[PDB]
$ cat target-v1.pdb   # PDB, C-alpha atoms
ATOM      1  CA  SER A   4     100.767 119.319 108.718
ATOM      2  CA  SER A   5     104.575 119.264 108.820
ATOM      3  CA  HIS A   6     106.739 120.516 105.947
ATOM      4  CA  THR A   7     108.593 117.481 104.581
ATOM      5  CA  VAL A   8     111.571 117.176 102.241
ATOM      6  CA  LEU A   9     111.842 113.860 100.382
ATOM      7  CA  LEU A  10     115.448 112.979  99.411
ATOM      8  CA  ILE A  11     115.908 110.263  96.728
ATOM      9  CA  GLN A  12     118.842 108.676  94.813
ATOM     10  CA  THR A  13     117.611 106.155  92.267
ATOM     11  CA  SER A  14     120.868 104.654  91.012
ATOM     12  CA  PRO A  15     124.461 104.306  92.292
ATOM     13  CA  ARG A  16     125.202 107.375  90.160
ATOM     14  CA  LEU A  17     125.547 110.395  92.439
ATOM     15  CA  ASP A  18     123.959 112.480  89.675
ATOM     16  CA  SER A  19     120.749 110.495  90.268
ATOM     17  CA  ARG A  20     120.067 112.476  93.481
ATOM     18  CA  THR A  21     116.670 114.326  93.352
ATOM     19  CA  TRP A  22     114.394 115.989  95.968
ATOM     20  CA  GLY A  23     110.871 117.286  96.511
ATOM     21  CA  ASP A  24     109.097 119.387  99.136
ATOM     22  CA  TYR A  25     105.635 118.575 100.497
ATOM     23  CA  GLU A  26     103.177 120.275 102.846
ATOM     24  CA  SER A  27     102.791 117.103 104.919
ATOM     25  CA  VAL A  28     104.259 113.674 105.550
ATOM     26  CA  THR A  29     101.186 112.127 103.940
ATOM     27  CA  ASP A  30     101.785 114.179 100.764
ATOM     28  CA  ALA A  31     105.418 113.003 100.697
ATOM     29  CA  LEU A  32     104.385 109.374 101.207
ATOM     30  CA  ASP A  33     101.793 109.746  98.443
ATOM     31  CA  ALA A  34     104.517 110.951  96.071
ATOM     32  CA  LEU A  35     106.685 107.991  97.041
ATOM     33  CA  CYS A  36     103.838 105.559  96.438
ATOM     34  CA  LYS A  37     103.226 107.063  92.977
ATOM     35  CA  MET A  38     106.857 106.360  92.009
ATOM     36  CA  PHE A  39     106.280 102.743  93.036
ATOM     37  CA  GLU A  40     103.005 102.381  91.144
ATOM     38  CA  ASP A  41     104.612 103.855  88.026
ATOM     39  CA  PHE A  42     107.401 101.280  88.222
ATOM     40  CA  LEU A  43     104.745  98.573  88.671
ATOM     41  CA  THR A  52      97.729  94.260  91.828
ATOM     42  CA  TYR A  53     100.554  94.546  94.381
ATOM     43  CA  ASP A  54     101.549  93.382  97.854
ATOM     44  CA  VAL A  55     103.304  95.410 100.552
ATOM     45  CA  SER A  56     106.420  93.244 100.134
ATOM     46  CA  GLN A  57     106.822  94.640  96.610
ATOM     47  CA  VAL A  58     106.808  98.181  98.026
ATOM     48  CA  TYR A  59     109.509  97.232 100.532
ATOM     49  CA  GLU A  60     111.557  95.807  97.643
ATOM     50  CA  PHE A  61     111.082  98.956  95.574
ATOM     51  CA  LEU A  62     112.339 101.017  98.517
ATOM     52  CA  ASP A  63     115.277  98.658  99.044
ATOM     53  CA  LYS A  64     116.197  99.057  95.336
ATOM     54  CA  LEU A  65     116.644 102.854  95.599
ATOM     55  CA  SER A  66     120.258 103.744  96.311
ATOM     56  CA  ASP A  67     119.033 106.260  98.930
ATOM     57  CA  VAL A  68     115.698 107.445 100.346
ATOM     58  CA  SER A  69     115.011 109.604 103.423
ATOM     59  CA  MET A  70     112.810 112.375 104.715
ATOM     60  CA  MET A  71     113.442 115.581 106.638
ATOM     61  CA  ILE A  72     110.279 116.510 108.585
ATOM     62  CA  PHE A  73     109.740 119.887 110.215
ATOM     63  CA  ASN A  74     109.200 119.881 114.016
ATOM     64  CA  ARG A  75     107.251 122.898 115.266
ATOM     65  CA  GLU A  76     108.563 122.464 118.818
ATOM     66  CA  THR A  77     112.213 123.134 117.849
ATOM     67  CA  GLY A  78     111.808 124.813 114.457
ATOM     68  CA  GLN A  79     114.246 122.201 113.082
ATOM     69  CA  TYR A  80     113.958 119.102 110.877
ATOM     70  CA  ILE A  81     113.990 115.499 112.040
ATOM     71  CA  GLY A  82     115.789 113.097 109.728
ATOM     72  CA  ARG A  83     113.884 109.856 109.089
ATOM     73  CA  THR A  84     115.574 106.797 107.546
ATOM     74  CA  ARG A  85     114.393 104.253 104.955
ATOM     75  CA  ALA A  86     113.297 101.960 107.811
ATOM     76  CA  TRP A  87     110.983 104.598 109.244
ATOM     77  CA  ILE A  88     109.529 105.154 105.763
ATOM     78  CA  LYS A  89     108.861 101.421 105.368
ATOM     79  CA  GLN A  90     107.036 101.500 108.701
ATOM     80  CA  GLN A  91     104.796 104.332 107.424
ATOM     81  CA  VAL A  92     104.035 102.323 104.262
ATOM     82  CA  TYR A  93     103.247  99.303 106.446
ATOM     83  CA  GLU A  94     100.776 101.380 108.482
ATOM     84  CA  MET A  95      99.094 102.792 105.305
ATOM     85  CA  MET A  96      98.472  99.298 103.867
ATOM     86  CA  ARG A  97      97.355  97.508 107.035
TER
ATOM     87  CA  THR B   3     132.914 120.341 115.541
ATOM     88  CA  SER B   4     131.919 119.564 111.945
ATOM     89  CA  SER B   5     128.198 119.203 111.227
ATOM     90  CA  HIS B   6     126.632 116.962 108.545
ATOM     91  CA  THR B   7     125.075 119.226 105.916
ATOM     92  CA  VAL B   8     122.612 118.530 103.094
ATOM     93  CA  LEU B   9     122.747 121.094 100.258
ATOM     94  CA  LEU B  10     119.456 121.393  98.302
ATOM     95  CA  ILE B  11     119.742 123.054  94.869
ATOM     96  CA  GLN B  12     117.517 123.824  91.899
ATOM     97  CA  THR B  13     119.736 125.444  89.312
ATOM     98  CA  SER B  14     117.141 126.477  86.728
ATOM     99  CA  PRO B  15     113.327 126.794  86.498
ATOM    100  CA  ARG B  16     113.299 123.160  85.335
ATOM    101  CA  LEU B  17     112.035 120.873  88.083
ATOM    102  CA  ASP B  18     114.494 118.248  86.807
ATOM    103  CA  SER B  19     117.416 120.526  87.740
ATOM    104  CA  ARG B  20     116.842 119.732  91.414
ATOM    105  CA  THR B  21     119.679 117.904  93.061
ATOM    106  CA  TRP B  22     121.216 117.520  96.495
ATOM    107  CA  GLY B  23     124.576 116.720  98.036
ATOM    108  CA  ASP B  24     125.691 115.283 101.406
ATOM    109  CA  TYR B  25     128.677 116.957 103.122
ATOM    110  CA  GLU B  26     130.690 116.254 106.244
ATOM    111  CA  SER B  27     130.782 119.914 107.256
ATOM    112  CA  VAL B  28     129.316 123.300 106.473
ATOM    113  CA  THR B  29     132.726 124.282 105.049
ATOM    114  CA  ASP B  30     132.544 121.466 102.526
ATOM    115  CA  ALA B  31     128.997 122.417 101.455
ATOM    116  CA  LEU B  32     129.927 126.087 101.112
ATOM    117  CA  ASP B  33     132.907 125.121  98.988
ATOM    118  CA  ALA B  34     130.645 123.113  96.690
ATOM    119  CA  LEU B  35     128.831 126.370  96.018
ATOM    120  CA  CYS B  36     132.124 128.208  95.476
ATOM    121  CA  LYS B  37     133.134 125.536  92.950
ATOM    122  CA  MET B  38     129.788 125.838  91.164
ATOM    123  CA  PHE B  39     130.242 129.611  90.977
ATOM    124  CA  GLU B  40     133.745 129.183  89.528
ATOM    125  CA  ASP B  41     132.619 126.504  87.062
ATOM    126  CA  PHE B  42     129.835 128.735  85.779
ATOM    127  CA  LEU B  43     132.466 131.422  85.172
ATOM    128  CA  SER B  44     134.845 128.995  83.418
ATOM    129  CA  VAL B  51     139.127 133.390  89.176
ATOM    130  CA  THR B  52     138.919 137.208  88.990
ATOM    131  CA  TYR B  53     135.601 138.619  90.213
ATOM    132  CA  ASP B  54     133.750 140.843  92.697
ATOM    133  CA  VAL B  55     131.481 139.854  95.594
ATOM    134  CA  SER B  56     128.421 141.181  93.763
ATOM    135  CA  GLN B  57     129.062 138.377  91.243
ATOM    136  CA  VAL B  58     129.006 135.607  93.907
ATOM    137  CA  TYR B  59     125.757 136.998  95.292
ATOM    138  CA  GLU B  60     124.323 137.326  91.747
ATOM    139  CA  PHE B  61     125.053 133.652  91.048
ATOM    140  CA  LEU B  62     123.420 132.572  94.312
ATOM    141  CA  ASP B  63     120.426 134.881  93.672
ATOM    142  CA  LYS B  64     119.917 133.463  90.153
ATOM    143  CA  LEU B  65     119.659 129.842  91.343
ATOM    144  CA  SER B  66     115.986 128.879  91.354
ATOM    145  CA  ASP B  67     116.364 127.495  94.876
ATOM    146  CA  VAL B  68     119.230 126.946  97.308
ATOM    147  CA  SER B  69     119.077 125.979 100.961
ATOM    148  CA  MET B  70     120.989 123.937 103.499
ATOM    149  CA  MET B  71     119.999 121.516 106.253
ATOM    150  CA  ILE B  72     122.714 121.546 108.928
ATOM    151  CA  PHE B  73     122.943 119.040 111.778
ATOM    152  CA  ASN B  74     122.643 120.662 115.225
ATOM    153  CA  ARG B  75     124.331 118.672 118.009
ATOM    154  CA  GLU B  76     122.389 120.600 120.657
ATOM    155  CA  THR B  77     119.104 119.037 119.483
ATOM    156  CA  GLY B  78     119.933 116.140 117.164
ATOM    157  CA  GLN B  79     117.884 117.870 114.457
ATOM    158  CA  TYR B  80     118.643 119.854 111.284
ATOM    159  CA  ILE B  81     118.501 123.652 110.951
ATOM    160  CA  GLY B  82     117.239 124.871 107.597
ATOM    161  CA  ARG B  83     119.323 127.802 106.414
ATOM    162  CA  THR B  84     118.038 130.077 103.686
ATOM    163  CA  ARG B  85     119.684 131.662 100.681
ATOM    164  CA  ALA B  86     120.303 134.902 102.611
ATOM    165  CA  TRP B  87     122.255 133.108 105.335
ATOM    166  CA  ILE B  88     124.219 131.065 102.786
ATOM    167  CA  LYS B  89     125.274 134.259 100.988
ATOM    168  CA  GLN B  90     126.699 135.720 104.190
ATOM    169  CA  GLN B  91     128.551 132.488 104.978
ATOM    170  CA  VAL B  92     129.989 132.190 101.473
ATOM    171  CA  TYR B  93     131.272 135.770 101.802
ATOM    172  CA  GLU B  94     132.844 135.116 105.207
ATOM    173  CA  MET B  95     134.545 131.909 104.103
ATOM    174  CA  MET B  96     135.912 133.482 100.899
ATOM    175  CA  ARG B  97     137.129 136.546 102.773
ATOM    176  CA  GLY B  98     138.635 134.470 105.556
ATOM    177  CA  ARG B  99     137.054 134.010 108.980
TER
END

$ encode --input "target-v1.pdb" --output "structure tokens"
Amino acid sequence: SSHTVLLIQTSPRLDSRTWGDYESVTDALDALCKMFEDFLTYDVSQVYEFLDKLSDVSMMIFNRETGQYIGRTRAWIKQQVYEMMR
Amino acid sequence: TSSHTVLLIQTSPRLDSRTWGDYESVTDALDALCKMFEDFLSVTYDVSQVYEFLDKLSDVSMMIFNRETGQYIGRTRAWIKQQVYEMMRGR
């Protein structure tokens, strides 16, 4: 499991920036999917749209080889959601 | 030579006090913390007061882009305190 920071900005307001820390990527993705379900029985396209509607979403995922964090973009997160709902 | 920096903050025990900022350099992120320290005091103080403010935040950390690897170094509160001191004193 890789320590993961989820960075979110819900609206164009810069004071809408929030974050959470998770023991694993799967835990972070689970938290993201809960935000979607709360806003919403659904198709994967609706999850993509929910992610597109956030002003910002990204993850920082710990890499045990370097001891540093890899930044992952919204497109990488959509690909993880795609693979979870195959 | 500037490095993109994400500042992660939780000001109080409230989970909803978490926020983050994006900065073009470490200097700009450190100055955000200096401005928070000043705005809490709202400029005559001692270094123990800057450290006290940083210690009383519920959480504070930085993620700093590292050109050598393309990845982000997580810096802890203790490192941030030393860097705030050095930048205020003058490098």

$ interface_residues --input "target-v1.pdb" --of "chain A" --to "chain B" --cutoff "7 Å" --atoms "all atoms listed in the file" --output "VMD selection string"
chain A and resid 20 to 22 79 to 81

$ resolve_selection --input "target-v1.pdb" --expression "the PyMOL selection byres ((chain B and resi 26) around 12)" --output "ChimeraX atom specification"
/B:3-9,23-25,27-34,71-73

$ residues_around --input "target-v1.pdb" --residues "residue 40 (chain A)" --least-positions-apart "4" --cutoff "12 Å" --atoms "all atoms listed in the file" --output "list in words"
residues 33, 34, 35, 36, 52, 53, 54, 55, 57, 58, 61 and 62 of chain A

$ write_last_selection --input "target-v1.pdb" --atoms "C-alpha atoms" --output "PDB file, keeping the file's coordinate frame"
ATOM      1  CA  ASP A  33     101.793 109.746  98.443  1.00  0.00           C
ATOM      2  CA  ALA A  34     104.517 110.951  96.071  1.00  0.00           C
ATOM      3  CA  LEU A  35     106.685 107.991  97.041  1.00  0.00           C
ATOM      4  CA  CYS A  36     103.838 105.559  96.438  1.00  0.00           C
ATOM      5  CA  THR A  52      97.729  94.260  91.828  1.00  0.00           C
ATOM      6  CA  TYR A  53     100.554  94.546  94.381  1.00  0.00           C
ATOM      7  CA  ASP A  54     101.549  93.382  97.854  1.00  0.00           C
ATOM      8  CA  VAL A  55     103.304  95.410 100.552  1.00  0.00           C
ATOM      9  CA  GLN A  57     106.822  94.640  96.610  1.00  0.00           C
ATOM     10  CA  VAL A  58     106.808  98.181  98.026  1.00  0.00           C
ATOM     11  CA  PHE A  61     111.082  98.956  95.574  1.00  0.00           C
ATOM     12  CA  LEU A  62     112.339 101.017  98.517  1.00  0.00           C
TER      13      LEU A  62
END

$ resolve_selection --input "target-v1.pdb" --expression "the PyMOL selection byres ((chain A and resi 63) around 12)" --output "ChimeraX atom specification"
/A:11-14,39,56-62,64-69,84-86,88-89

$ atom_distance --input "target-v1.pdb" --atom1 "CA of residue 35 (chain B)" --atom2 "CA of residue 16 (chain A)"
20.2 Å

$ atom_distance --input "target-v1.pdb" --atom1 "CA of residue 17 (chain A)" --atom2 "CA of residue 58 (chain B)"
25.5 Å

$ residues_around --input "target-v1.pdb" --residues "residue 39 (chain B)" --least-positions-apart "6" --cutoff "12 Å" --atoms "all atoms listed in the file" --output "NGL selection string"
:B and (13 or 32-33 or 51-55 or 57-65 or 92)

$ resolve_selection --input "target-v1.pdb" --expression "the PyMOL selection byres ((chain A and resi 27-31) around 9)" --output "PyMOL selection string"
chain A and resi 4-9+23-26+32-36+70+72

$ atom_distance --input "target-v1.pdb" --atom1 "CA of residue 10 (chain A)" --atom2 "CA of residue 75 (chain A)"
20.4 Å

$ build_atoms --input "target-v1.pdb" --residues "region 43-71 of chain A" --atoms "N, CA and C atoms" --output "PDB file, in the frame of the given file"
ATOM      1  N   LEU A  43     105.585  99.758  88.828  1.00  0.00           N
ATOM      2  CA  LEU A  43     104.745  98.573  88.671  1.00  0.00           C
ATOM      3  C   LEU A  43     103.802  98.728  87.477  1.00  0.00           C
ATOM      4  N   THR A  52      96.709  94.096  92.858  1.00  0.00           N
ATOM      5  CA  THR A  52      97.729  94.260  91.828  1.00  0.00           C
ATOM      6  C   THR A  52      99.145  94.310  92.413  1.00  0.00           C
ATOM      7  N   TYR A  53      99.257  94.563  93.719  1.00  0.00           N
ATOM      8  CA  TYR A  53     100.554  94.546  94.381  1.00  0.00           C
ATOM      9  C   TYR A  53     100.389  94.232  95.859  1.00  0.00           C
ATOM     10  N   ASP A  54     101.451  93.685  96.436  1.00  0.00           N
ATOM     11  CA  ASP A  54     101.549  93.382  97.854  1.00  0.00           C
ATOM     12  C   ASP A  54     102.539  94.342  98.502  1.00  0.00           C
ATOM     13  N   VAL A  55     102.419  94.496  99.826  1.00  0.00           N
ATOM     14  CA  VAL A  55     103.304  95.410 100.552  1.00  0.00           C
ATOM     15  C   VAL A  55     104.770  94.996 100.425  1.00  0.00           C
ATOM     16  N   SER A  56     105.041  93.696 100.286  1.00  0.00           N
ATOM     17  CA  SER A  56     106.420  93.244 100.134  1.00  0.00           C
ATOM     18  C   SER A  56     107.074  93.841  98.899  1.00  0.00           C
ATOM     19  N   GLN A  57     106.297  94.034  97.828  1.00  0.00           N
ATOM     20  CA  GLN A  57     106.822  94.640  96.610  1.00  0.00           C
ATOM     21  C   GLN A  57     107.175  96.105  96.830  1.00  0.00           C
ATOM     22  N   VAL A  58     106.445  96.803  97.711  1.00  0.00           N
ATOM     23  CA  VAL A  58     106.808  98.181  98.026  1.00  0.00           C
ATOM     24  C   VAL A  58     108.104  98.222  98.819  1.00  0.00           C
ATOM     25  N   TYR A  59     108.248  97.326  99.805  1.00  0.00           N
ATOM     26  CA  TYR A  59     109.509  97.232 100.532  1.00  0.00           C
ATOM     27  C   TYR A  59     110.670  97.017  99.566  1.00  0.00           C
ATOM     28  N   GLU A  60     110.492  96.119  98.591  1.00  0.00           N
ATOM     29  CA  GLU A  60     111.557  95.807  97.643  1.00  0.00           C
ATOM     30  C   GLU A  60     111.886  97.011  96.781  1.00  0.00           C
ATOM     31  N   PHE A  61     110.857  97.728  96.326  1.00  0.00           N
ATOM     32  CA  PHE A  61     111.082  98.956  95.574  1.00  0.00           C
ATOM     33  C   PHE A  61     111.907  99.951  96.387  1.00  0.00           C
ATOM     34  N   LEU A  62     111.581 100.101  97.675  1.00  0.00           N
ATOM     35  CA  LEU A  62     112.339 101.017  98.517  1.00  0.00           C
ATOM     36  C   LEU A  62     113.758 100.521  98.729  1.00  0.00           C
ATOM     37  N   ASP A  63     113.929  99.203  98.900  1.00  0.00           N
ATOM     38  CA  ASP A  63     115.277  98.658  99.044  1.00  0.00           C
ATOM     39  C   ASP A  63     116.115  98.878  97.789  1.00  0.00           C
ATOM     40  N   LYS A  64     115.478  98.910  96.606  1.00  0.00           N
ATOM     41  CA  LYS A  64     116.197  99.057  95.336  1.00  0.00           C
ATOM     42  C   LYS A  64     116.686 100.479  95.055  1.00  0.00           C
ATOM     43  N   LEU A  65     116.101 101.501  95.687  1.00  0.00           N
ATOM     44  CA  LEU A  65     116.644 102.854  95.599  1.00  0.00           C
ATOM     45  C   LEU A  65     118.012 102.894  96.261  1.00  0.00           C
ATOM     46  N   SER A  66     118.961 103.624  95.654  1.00  0.00           N
ATOM     47  CA  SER A  66     120.258 103.744  96.311  1.00  0.00           C
ATOM     48  C   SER A  66     120.166 104.533  97.613  1.00  0.00           C
ATOM     49  N   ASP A  67     119.235 105.492  97.702  1.00  0.00           N
ATOM     50  CA  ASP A  67     119.033 106.260  98.930  1.00  0.00           C
ATOM     51  C   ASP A  67     117.610 106.806  98.959  1.00  0.00           C
ATOM     52  N   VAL A  68     116.979 106.769 100.137  1.00  0.00           N
ATOM     53  CA  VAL A  68     115.698 107.445 100.346  1.00  0.00           C
ATOM     54  C   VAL A  68     115.592 107.845 101.815  1.00  0.00           C
ATOM     55  N   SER A  69     115.195 109.099 102.066  1.00  0.00           N
ATOM     56  CA  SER A  69     115.011 109.604 103.423  1.00  0.00           C
ATOM     57  C   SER A  69     114.087 110.812 103.406  1.00  0.00           C
ATOM     58  N   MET A  70     113.639 111.197 104.604  1.00  0.00           N
ATOM     59  CA  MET A  70     112.810 112.375 104.715  1.00  0.00           C
ATOM     60  C   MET A  70     113.370 113.286 105.799  1.00  0.00           C
ATOM     61  N   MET A  71     113.181 114.583 105.609  1.00  0.00           N
ATOM     62  CA  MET A  71     113.442 115.581 106.638  1.00  0.00           C
ATOM     63  C   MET A  71     112.102 116.227 106.967  1.00  0.00           C
TER      64      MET A  71
END
